[PDB]
Amino acid sequence: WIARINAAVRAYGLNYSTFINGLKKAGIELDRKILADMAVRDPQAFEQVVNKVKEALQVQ
C-alpha cells in the first residue's frame, strides 16, 4: 500500500511526494498504507481525498 498510491496520483501530476505534504496541509493524515486500497480500487472515495488535498494543496 505504497506504490499504489503513487500509481493513483500520477494521473494528476502528483508523484505522491507533493501529495504527501498537502495531506498535512489538509490536516488529514492519510495514504499511509491501506487507504491505498481505496486509491485504486474505490475511485469514488479516492476522488474525495484528492478533492480535499486539491484545495488544500494545489489550488490553495
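Neighbour counts run over all protein chains shown; Cβ positions are idealised from the backbone, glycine included. Please treat every number below as a calculation from the coordinates, not as lab data.
The conditions are (1) over 10 Å from the mean Cα position of the chain (by Cα); (2) outside any helix (DSSP H, G or I), and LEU14 fails exactly one of them. Which is it?
All conditions pass for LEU14, except number (1).
Note down all Cβ pairs under 7 Å where the first residue falls in the stretch 38-54 and is farther than 16 Å from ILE2 by Cα, the second is assigned to a helix (DSSP H, G or I), and they're at least six residues apart or on different chains.
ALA45/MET38; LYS52/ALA26; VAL53/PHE19; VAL53/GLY22; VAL53/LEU23; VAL53/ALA26
Within the stretch 17-30, which residues are in contact with a helix residue (DSSP H, G or I) (Cβ under 8 Å, 6 or more places away or on another chain) and part of a helix (DSSP H, G or I)?
Correct list: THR18, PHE19, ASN21, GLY22, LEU23, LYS25, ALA26.
For the stretch 1-24, how many residues are within 13 Å of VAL49 (Cβ to Cβ) and surrounded by fewer than 14 Cβ atoms within 10 Å (Cβ to Cβ)?
1
Give the residue that is farthest from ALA7 (Cα to Cα), with candidates limited to residues of the stretch 25-37 that are surrounded by 13 or more Cβ atoms within 10 Å (Cβ to Cβ) and among the small types (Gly, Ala, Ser).
Per the criteria, the residue is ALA26.
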